[PDB]
Every structure is written in C-alpha cells, then in structure tokens.
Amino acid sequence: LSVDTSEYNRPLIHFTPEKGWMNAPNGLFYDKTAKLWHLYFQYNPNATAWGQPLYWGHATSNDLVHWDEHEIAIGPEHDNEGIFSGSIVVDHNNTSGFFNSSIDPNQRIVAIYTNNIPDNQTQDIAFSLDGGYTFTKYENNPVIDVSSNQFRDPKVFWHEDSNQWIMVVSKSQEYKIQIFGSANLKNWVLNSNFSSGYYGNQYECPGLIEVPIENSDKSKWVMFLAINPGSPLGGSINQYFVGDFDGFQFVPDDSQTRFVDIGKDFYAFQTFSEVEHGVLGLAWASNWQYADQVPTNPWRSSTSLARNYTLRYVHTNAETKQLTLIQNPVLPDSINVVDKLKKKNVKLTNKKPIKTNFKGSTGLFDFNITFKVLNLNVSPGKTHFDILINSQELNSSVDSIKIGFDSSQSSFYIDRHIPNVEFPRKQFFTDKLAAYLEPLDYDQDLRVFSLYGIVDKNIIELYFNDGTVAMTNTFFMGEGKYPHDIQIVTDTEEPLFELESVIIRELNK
C-alpha cells in the first residue's frame, strides 16, 4: 500500500482498478439511454492477486478511453465463494419478468454469470433497477446446474432468427463449448456441444457473434474460445472459428486453428452487448503464467483497448486468400495529441534514422507506418529495420523494447527483454515473438506492408497490415522508467526500406 508505481507503470487509457486485482472483463454492454459503455471485471479488492471472495468490479465510459470506477456491482454470498465471469444483456421486452413499466427498456439490465462455490459452478442471474450499479440476485438461482465443478463463463445474446436467448458456456475440462437456449433467461435447454481447435488444458470464456465481412452485405458467425493453461505460446491464449449458426448448432467453414491475438498477453476476450454497427470487444491484457507477479502496485492488470472486429479475405500465401479475423483499435477524437512526427517517402538508411524530438512524454505513444521493400542485395544480418521505444535515462541507462521487420523472413517481431528487471515466474515471460505476413500490397513488384502500434506505459498493442494480425504484450521497464521517445533505425548503408508514411504521436487523456 505504500509503494505506488502508477507514475511510470500505470496505463493512461487502458482501464485499471485503482487498487487490487483484476482479471477477465465481464458484463460488457452499452447503455443507449445513458450513452455509457459498461465494463465489469473479475475483481479482488483485498490483494493484488487472484482470490476469493471474488467480485464484479464496475466502471463506465462515454468514449472507451476515459473510465469512472464505481462501487462493486455483485458479490458472493460467502468468503468461500466468487462471482465468476459473465455477460450482460438488455431484456427490452421484459421476457424475464423482472422489470416495471417504469424501467426504461434500454436499461432492463440482466447479468448472467457463473457462481463459484466449493465443488460447484452454476449459471445464475441478477437484475439491476438503477442503470447497472446495484443488482438483485434471482430468487430461484441457479438457472443452470449440471452438477459440475468445471462449468463457467456464459456469454448470452438474443438470437432473432430462432427467437430465443442463446448462451455459450464452457464445460471446461470436457473441451466442449455448450450452447443453450431460453425464452426466459431462467429456464434453459441444451441444444449442442462444440469441440475443435487447440485444446489446451481447458476451454474457457466462449463467445459467439455475427461479424461483418468488409465491403459487403454478408457476415459470418465467429465462435471465440479461450484456453489456459496449454497455449502453444505458453499459458493463456484466445482462439476463433468462422462459420454459421442457426440458433442451435455452430458449423465452422473449415477445421483450421487460428488465434485472435498472437502476443503473450490477450485473454478472456468478450464482446460488448447493444452495439449497433459492428462488433466491439476487449480482453484482459496479461497471461496467467505471470499476471500476479508483474511489478505494479497498488493494482495489477489492465484490459486491452476496445477493438473493432471485421472479416477480410487476405493472402496467407502467394496463391491463396482466407477469410480472416481483422481487428483495429478504438481510439476516439477525445484523445489529445500533444505532439507528432509526420514524414512521407523516407528512404531509411543507417545514416538517416527517424528520431522523435518532443519536449516531454506522457508515456503514451502511437506509431503508424506503411512501408515498401526495395530491390537491394544486402548482407543477411541487415535485412531488417527496427522501432525502438526508449525510456528516459535513469541509473545512467536507457531501457528499451524493440519492434521490427525482417524482409528475408517477411516477418514482424518484438523483443521486450529488459535488463535488470526481475519478478517471480519470469521463466515464462517470453521476450521474442514474431508474426509472418504476406504483403499488404504490391507496388509494381515491390512488397508493401503496414504496421500500427500503441504503447501505454506498460502495454504495447501491435496491429500488422491494417489489422490482419494483432499482437499484445505487456512490458516492465526498470523502477521509474517509462517510454520517453521513439526511433526508427536500420543497419543498411543504401535503402532496403522506403517508408511511404510515418506518423508518431505523443498522446494524453
């Protein structure tokens, strides 16, 4: 309680609780009357570690970057217990019977969540009569009990075409996504089981939603699935499947495995209810392997930014395109640009590096680059360029993380290694991660790629080729240090890389 790392460590525009522990985001919805985005979260107010009693924390936002934290929304009946993950729906037509005439239809808020008690996980419901700040648990909870220890994380949505509420929920250790239906929110029927992809140890946090295909009238149903432990990257990861849904079973178009975000730190993704126009969601931005040991205090964990989800046909090799999940960050105009560097058609060479030259630093930056690979035979050790994110100098040292692209491998990479920062379970804190991408485009016969990145004091979110792939990782600079400036460098004497466009901004609340 006496050490506060916020000054250098606490994100400006990623949500964090003032104190205590946060994991999975819950009950994501938009209130159309109040015009407020609601974020709830797995919350332990009593320590910077997971533990019971576990609650739903609650915060609101009008723009998905500025958050007001509120009083705890739901709590367990005993210290022995926890209100585990869930989702919220708006029961406009009072199908649940909970709501007065005088409750605004857009605020008829129902939470559906896992109630965790010793040897039992059930699905329970509660309703809010005050706009989502307090709740009354349903008299006849549980609404679903299958006598299981491992039965959690409901995502519920109204399905017009089959005229019912749909729940996807994990039967975690059976590796099944279970699909239930209800008229009621109270009485549920099991319609199907879905099993596929990368099983790890466990299925968690399913989601199922209609995602729009870019430049078209058409859509596909996407099933989201979280697994932890046992990610091939180590620990926790989120995956997806593309297909069709009739209200009863989900049928994927193929049987391939794909991850939502191939950084180490993007887990328990959930989408917002009541979004008109598109699909928005966010995740918990850490990894279960080390999330409770990173050096922040008096809180641990942030969410990712909210992101916009679409589908796009992209080349995965030279011959073949696949319909692929695209995501791009939600950043409203209510963000102040303190300063920016903006350049066009720069021929990058080791004698001409790009260097930010701002007066100060908030620790929040973004960078936005479109680049072209030239025809130049260069030595193997130099077929790359690198973006450096440097702290201020402190113990007469600068800390930095590196983001680059190698043209011989057609792959982006990050290196988040920081010397002299140690914490428990760092054996699992992978430093070097890569992503292979086909060109965004061809200009004549030269390969074009794009990269957008945003750095917020302890988290970096990278989006390659207009969101073709996303990679999210936290990073921990030494005590007192935070991002101060940005450089783009290369070791080539002539130009291998031409940056058609470079924009680097310092940003603030």
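So that there is no doubt, residue numbering starts at 1 and follows the sequence shown.
Asker: Going by the average Cα B-factor in the PDB entry, point out whether 179-187 or 366-374 comes out higher.
Answerer: Comparing averages over the C-alpha atoms only gives 366-374.
Asker: Going by the average Cα B-factor in the PDB entry, point out whether 397-405 or 103-111 comes out higher.
Answerer: 397-405 has the higher mean C-alpha B-factor.
Asker: If you compare 204, 261, 415, 422, which has the highest Cα B-factor in the entry?
Answerer: Within the set 204, 261, 415, 422, 422 shows the top C-alpha B-factor.
Asker: From 340, 155, 315, 171, pick the one with the largest CA B-factor in the entry?
Answerer: Highest C-alpha B-factor among the listed options: 340.
Asker: Grab the CA temperature factor for residue 480 from the record and place it in the lowest, middle or highest third of its chain.
Answerer: Highest third.
Asker: Split the chain's modelled residues into thirds by Cα B-factor; is residue 439 in the lowest, middle or highest one?
Answerer: Middle third of the chain for residue 439's C-alpha B-factor.
Asker: According to the PDB entry, is the CA B factor of residue 266 in the bottom, middle or top third of its chain, that is, lowest, middle or highest?
Answerer: Lowest third, going by the recorded CA B-factors of the chain.
Asker: Using the temperature factors of the C-alpha atoms in this entry, rank residue 159 within its chain: lowest, middle or highest third.
Answerer: Tercile = middle for this residue's CA B-factor.
Asker: Taking the chain's C-alpha temperature factors as the reference, tell me which third residue 229 falls into: lowest, middle or highest.
Answerer: CA B-factor rank for residue 229: lowest third.
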